[PDB]
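Chains, contacts and geometry: an overview
Listed below are the residues making up each chain.
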Amino acid sequence: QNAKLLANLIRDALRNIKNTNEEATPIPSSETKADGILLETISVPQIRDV
Amino acid sequence: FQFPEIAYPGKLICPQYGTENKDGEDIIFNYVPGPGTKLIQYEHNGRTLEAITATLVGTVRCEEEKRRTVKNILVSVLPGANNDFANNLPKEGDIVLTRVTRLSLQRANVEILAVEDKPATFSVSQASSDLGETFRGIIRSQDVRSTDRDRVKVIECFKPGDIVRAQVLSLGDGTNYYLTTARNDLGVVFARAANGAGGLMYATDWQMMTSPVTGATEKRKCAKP
Amino acid sequence: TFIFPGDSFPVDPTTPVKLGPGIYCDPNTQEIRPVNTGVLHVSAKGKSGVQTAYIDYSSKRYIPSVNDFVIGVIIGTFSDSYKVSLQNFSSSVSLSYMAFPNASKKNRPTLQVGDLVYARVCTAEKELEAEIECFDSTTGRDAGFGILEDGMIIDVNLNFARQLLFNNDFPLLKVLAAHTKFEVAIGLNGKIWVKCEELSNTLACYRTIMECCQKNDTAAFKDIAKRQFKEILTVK
RNA sequence: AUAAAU
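As stated in the entry header, the method of structure determination is X-ray crystallography and the reported resolution is 4.6000 Å.

Below is the structure:
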């Protein structure tokens, strides 16, 4: 009797799954850059000293 | 050229980070420890310092592995017959030659002898087989073959003393490694008739092993050359 | 015609002989040769083309074989099976829980450690742990294999047990029936289970079978039962 | 779904 709702629910369910997938690729890239910041923060001057 | 070619254990090679000036831009060389090297801490005059120090007596080899440029150099020390090869240890994905120690109904436990290298050459693990110091591994009944994973007769697959080439899925516990012979290039390699009492047998079919000497045929799990 | 190990075999090489206890087929040289000492028994069927053999020899250490009836003792319980030892200082045997009538993955059998069971060996490999099953298909619709209750178990050499199970001319079961009512389970692993209504009768049976096991005499055994059941009377 | 991984 509630099969119409279920069909609607599946359509309701479907839209959310799609939104998540596009976002994911961006997240991985940053990590080498995060490693970069530490070198930036350290003074060039010390390196010649040590 | 800045760092010595050959370093004895305890000899300083290169600091933590490095940089040079070329093409009007600073190129950052990132030094990372490797086989034969160990990043440790040394302090002079109340000053803390981290530098790559060799731990093995060998020639030293560097290799690059991965606006403003970016770089990564791998610093290692290579010794330079007798072979030791400790760095080599069974890890997920590696291929390992094993020997069947005992057969049970739901699984088959073995012992690790040698491990296949990467591009054949192998790394032999030297240990006493009459003690138990040798690494032990367990091949599950579901990991025997991809064909019919549920029902597998272990008696008709392996045999005590037979040499089996497998790939380790995971470390498991301290007792048993996880071994799979699911693919084609994995299975019983060297074996003899009647648990080693008869003559040598060779691999023909993937599920059949025959002996071109006494005409004996025993059911095993054979691999592909 | 006693046969000794390394003895020459009359049969021709081209024609095969079915394996029997005592007879060994060399995995290396493919030759068939006797390895036990005793009487050679050979059965021939048809005008030509088939043969079978074994050697009846005195041995007391049981080695599990397909379709052998054995009486085992369940020392301990594992996850999916019982650990039962047919014999002392002998490798353990694997008995499946699902190897019972009306078995289910939800309900395990009620057998406890220390119980006697009548069992038949289904799969027995030399290099693998042997397995037994409570119900044997070959015997009939009903195995008659169930854990034994009370009674007394008797140690006996494999030859004496095999004669008691397969030979109908063996007077032992007859001479015991002439003295008392009793039920008996016979294992090819050299175990004999005996149970009567009264302990004195079971004890009398135990003592007779033991002496019969010791005596190995057809004439003695009839008398032996006489003096045994008599001696219990006075002892009473 | 009447008692699950000694």
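1. Overview of the overall build of chain A
Scanning chain A from terminus to terminus reveals three helices and zero strands. From first element to last, N terminus to C terminus, chain A shows the α and β order α-α-α. Counting only C-alpha atoms and orienting by the principal axes, one finds that chain A spans roughly 80 × 10 × 10 Å.

2. As for the arrangement of the chains
Counting contacts across all two pairs of chains found in contact, the highest total belongs to chains B and C. In this assembly chain A lies apart from chain C, the nearest approach of their C-alpha atoms being 36 Å.

3. Some remarks on the sheet that holds strand β1 (residues 6-7) of chain B
Residues and elements named next belong to chain B. Pairing is mixed in the open sheet, where five strands are placed in the order β1-β7-β8-β4-β3. Looking along the sheet, the strands with just one partner apiece sit at the ends: β1 and β3 (17-22). Strand direction decides the pairing type here: strand β4 (residues 25-32) and strand β8 (residues 73-79), joined by two bridges, are parallel. For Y31, the partnering residue across the bridge sits in β8 and is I73.

4. Digging into the protein's contact with RNA strand D
All names here are of chain C. In the region of RNA strand D, the neighbouring residues are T77, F78, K106, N107 and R108. Those atoms of RNA strand D that come within 4 Å of the protein belong to sugar or phosphate at a rate of 100%. In the model, a sugar or linking oxygen of RNA strand D is placed 3.1 Å from a nitrogen or oxygen of the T77 main chain. One of the side-chain nitrogen or oxygen atoms of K106 is found 2.3 Å away from a phosphate oxygen of RNA strand D. Its residues assigned to classes, the surface near RNA strand D comprises one nonpolar, two polar and two charged.

5. Details of the interface of chain A and chain B
Note on interface size: it is often stated as the accessible area lost on association of the parts. In this assembly, four residues from chain A lie in contact with four residues from chain B. Between chain A and chain B, a total of about 460 Å² is buried, with carbon and sulfur atoms accounting for 70% of that surface. If you sort the residues of chain A by the area they bury against chain B, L39, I47 and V50 of chain A come out on top, with a joint share of 64%. At the junction of chain A with chain B, the criterion picks out zero salt bridges.

6. Digging into the interface of chain B and chain C
Across the boundary between the two partners, chain B contributes 14 residues, which contact eleven residues of chain C. Between chain B and chain C, roughly 970 Å² of surface is buried when both sides are summed, and carbon and sulfur atoms account for 59% of that area. Summed over the shared surface of chain B and chain C, the number is one salt bridge. Here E127 of chain C makes a salt bridge to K159 of chain B, at a shortest N to O gap of 2.7 Å. At the surface where chain B touches chain C, the tally comes to four residue pairs in polar contact. Here the residues of the side of chain B that touches chain C sort into seven nonpolar, six polar and one charged.

7. Remarks on the environment of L105 of chain B
Mapped onto the fold, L105 of chain B is located in the loop between β9 (95-103) and β10 (107-116). With a relative accessible area of 39%, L105 of chain B lands in the partly exposed category. Beyond its immediate chain neighbours, meaning those up to four positions away, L105 of chain B contacts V154 of chain B together with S94, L128 and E131 of chain C.

8. Some points on the packing of aromatic side chains
Going through the model one piece at a time under the given rule, you end up with eight aromatic pairs over all chains. Site record: aromatic cluster; members linked through ring pairs are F69, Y118 and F145 of chain C. For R140 of chain B, the ring lying beneath its charged end belongs to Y178 of chain B, and the centroid distance is 5.1 Å.

9. Topic: the pattern of salt bridges
Residue and element names in this part refer to chain C. Enumeration according to the criterion identifies 14 salt bridges over all chains in this entry. For the salt bridge of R33 with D26, the shortest nitrogen-to-oxygen distance reads 2.4 Å. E211 serves as the salt-bridge partner of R227, at 2.9 Å between the closest nitrogen and oxygen. Linking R227 in helix α4 (residues 218-235) with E211 in helix α3 (residues 199-215), this pair joins segments that are 16 residues apart in sequence.

Here is what the cut-offs are and how they apply
Per the conventions used, each chain is numbered from 1 along its written sequence, independently of whether this matches the entry, and residues without coordinates are not displayed. Chains and ligands are labelled by the order in which they are written, letters from A for the one and numbers from 1 for the other. A larger assembly contains the chains shown, yet all values here describe just the shown part. Side-chain measures here rest on the full set of heavy atoms in the structure, leaving out hydrogens and waters. Residues with missing side-chain atoms are left out of burial classes, side-chain pairs and their counts. Secondary structure elements follow DSSP: runs of H or I of four or more residues count as helices, runs of E of two or more count as strands, with numbering from the N terminus. Only heavy atoms matter for contacts: two residues are in contact if any of them lie within 4.5 Å across the pair. Note on pairing: two strands pair once DSSP finds at least 2 bridges between them. Proximity is defined per residue: any heavy atom of the residue falling within 4 Å of a molecule or strand makes that residue near it. Counted as a polar contact is a pair of N or O atoms within 3.5 Å, where, for protein atoms, one must be capable of donating a hydrogen and the other of accepting one, and residues adjacent in sequence contribute only when both atoms are in side chains. Three residue categories are used. Nonpolar comprises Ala, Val, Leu, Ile, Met, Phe, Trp, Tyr, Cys and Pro, charged comprises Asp, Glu, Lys and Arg, and polar comprises the others, including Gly. Buried area: the accessible area, evaluated with a 1.4 Å probe, that two parts lose upon being put together, summed over both parts. What counts as a salt bridge is simple: a side-chain nitrogen of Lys or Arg found within 4 Å of a carboxyl oxygen of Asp or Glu. Burial classes: relative accessible area under 20% of the type maximum marks a residue as buried, over 50% as exposed, and values in between as partly exposed (1.4 Å probe, protein chains only). Between rings of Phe, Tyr and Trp, where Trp is taken as its six-membered ring, a pair exists when centres lie within 6.5 Å; planes separated by under 30 degrees are stacked, by over 60 edge-to-face, and by other angles tilted. The criterion for a charge sitting over a ring is simple: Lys NZ or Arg CZ within 6 Å of the ring centre, and within 35 degrees of the ring normal.

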